[PDB]
Amino acid sequence: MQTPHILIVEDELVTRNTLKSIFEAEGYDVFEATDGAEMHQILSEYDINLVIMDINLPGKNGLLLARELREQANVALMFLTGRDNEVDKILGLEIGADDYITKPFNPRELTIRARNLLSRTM
Amino acid sequence: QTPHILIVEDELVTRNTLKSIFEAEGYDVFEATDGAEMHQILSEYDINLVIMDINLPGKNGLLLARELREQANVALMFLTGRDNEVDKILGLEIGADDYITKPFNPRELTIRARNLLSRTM
Ligand code: BF4
Ligand code: BEF
Ligand code: BEF
Ligand code: BEF
Ligand SMILES: [Mg+2]
Ligand SMILES: [Mg+2]
């Protein structure tokens with residue numbers, strides 16, 4: 001029924017372009033932030049159903065951005081990050097992300113996890 | 001309410017370990033080795049999360065998950081030695097909320113279960 005709105009918080013242009021075309025190929029509207037200030041402004045200004053969080057960002061890192069997000073909102077959240085190590089994965093989940101996916105990733109896996117998560121939260 | 005976990009797993013050392021992992025979380029743990037036992041526990045008790053192994057005696061867990069999904073939206077995670085991209089993608093497509101491979105980090109497992117239960121309960 002409702003058109004899903006996805007926010008990708010991701011500092012690399014090429015990765016954003018890829019994520020955008022993957023999610024548009026799902027019928028979603030894609031909002032883009034390169035950092036924490038752009039993220040907060042999109043979140044205060046537009047309906048957002050799912051946040052995809054990179055960790056290595058200019059300014060605050062994705063984990064802390066996630067922590068702040070979780071004090072305001074219970075919006076669906078998934079990390080998508082090149083931080084492919086057990087500690088960051090566990091922290092990201094502990095902080096309250098619904099999922100944690102490493103780059104490089106299978107795009108089908110990303111979109112099916114997003115879809116099941118959205119079905120559960122929208 | 002205290003969470004009720006149904007673990008469907010036919011290897012008893014694995015299952016005993018899951019049972020103790022989840023009891024250490026304060027959860028009530030129900031156990032099944034196959035689909036007949038799983039369906040009986042689902043009719044008799046209130047189950048908040050199903051942890052589903054794939055290689056089972058009788059019907060495989062992907063098929064049991066598919067049947068389950070036609071009857072119920074219950075929280076579901078695969079936990080399985082099928083560490084391949086095809087089965088992962090299939091399990092998610094069938095509607096599992098997560099898919100976790102053995103060997104597993106028990107902390108990853110309890111935290112993912114906790115977050116999922118926070119959504120569904
Ligand atoms: F529209 Be969907 F994302 F709920 F399937
Ligand atoms: F820069 Be992200 F954490 F991959
Ligand atoms: F037998 Be299970 F799929 F590890
Ligand atoms: F993911 Be659906 F709500 F079973
Ligand atoms: Mg980055
Ligand atoms: Mg088995």
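A.B. asks: Give me the lowdown on the coordination of the magnesium ion (ligand 5), citing residues and values where you can.
C.D. replies: All names here are of chain A. In this structure, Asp-11 (OD), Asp-54 (OD) and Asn-56 (O) serve as the protein donors to the magnesium ion (ligand 5), at separations of 2.0 to 2.1 Å. Positions of the donor residues of the magnesium ion (ligand 5) along the chain correspond to the pattern D-x42-D-x1-N. With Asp-11 in the loop between β1 (5–9) and α1 (13–24) and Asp-54 in the loop between β3 (50–53) and α3 (62–72), the pair connects residues that are 43 residues apart, well separated along the chain. By relative accessible area, which is 29% here, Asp-11 ends up partly exposed.

A.B. asks: So what about the coordination of the magnesium ion (ligand 6)? Which residues, and what values?
C.D. replies: Residues and elements named next belong to chain B. Within the protein, the magnesium ion (ligand 6) binds to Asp-10 (OD), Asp-53 (OD) and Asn-55 (O); these donor distances fall in the range 2.1 to 2.2 Å. Along the chain, the residues donating to the magnesium ion (ligand 6) fall in the pattern D-x42-D-x1-N. Placement of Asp-10 in the loop between β1 (4–8) and α1 (12–23) and of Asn-55 in the loop between β3 (49–52) and α3 (61–71) is noted, with a sequence separation of 45 residues between them. By relative accessible area, which is 29% here, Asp-10 ends up partly exposed.

A.B. asks: Lay out the environment of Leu90(B) in plain terms, naming residues and giving numbers.
C.D. replies: With respect to the helices, strands and loops of the structure, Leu90(B) is situated in helix α4 (residues 85–94). Distance in space between the C-alpha atoms of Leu90(B) and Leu62(B) is 7.7 Å, their sequence separation being 28 residues.

A.B. asks: Could you give an account of the UniProt feature "domain: Response regulatory" in chain A, with specific residues and numbers?
C.D. replies: As recorded in UniProt, the feature "domain: Response regulatory" lies at residues 5–118 of chain A. Between the C-alpha atoms that bound residues 5–118 of chain A the distance is 10 Å, and the span itself is 48% helix and 21% strand.

A.B. asks: A description of the sheet that holds strand β2 (residues 28–32) of chain B should follow, citing residues and the corresponding values.
C.D. replies: Residues and elements named next belong to chain B. Across the sheet, which stays open at both edges, the five strands sit in the order β2-β1-β3-β4-β5 with parallel pairing between neighbours. The two strands at the open ends of the sheet, each matched to only one other strand, are β2 and β5 (98–101). Looking at each pair of strands side by side, their axes are set apart by 20° on average, direction ignored. Note that strand β4 (residues 75–80) and β5 share four bridges and pair parallel. Looking at β5, one finds that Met-77 is bridged to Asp-98.

A.B. asks: Go over the environment of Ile112(A), please, and point to the residues and values.
C.D. replies: Mapped onto the secondary structure, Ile112(A) falls in helix α5 (residues 107–121). If sequence neighbours within four positions are ignored, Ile112(A) has contacts with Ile89(B), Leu92(B) and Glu93(B).

The rules behind each value
Residues numbered from 1 in each chain as written, not as in the entry; some residues may be left out. Chains lettered and ligands numbered in written order. Heavy atoms only, no water. Residues with missing side-chain atoms left out of burial classes, pairs and counts. Donors = N, O, S within 2.8 Å, 3.2 Å for Na, K, Ca; no water. Helix = DSSP H or I, 4+ residues; strand = E, 2+ residues; numbered from the N terminus. Buried < 20%, exposed > 50% of the residue type's maximum accessible area, 1.4 Å probe, protein only. UniProt positions renumbered as here; feature names shortened; annotations may be inferred. Pairing = 2+ DSSP bridges. Axes fitted to C-alpha atoms, helices over the stretch in contact; angles between N-to-C directions. Contact = heavy atoms within 4.5 Å.

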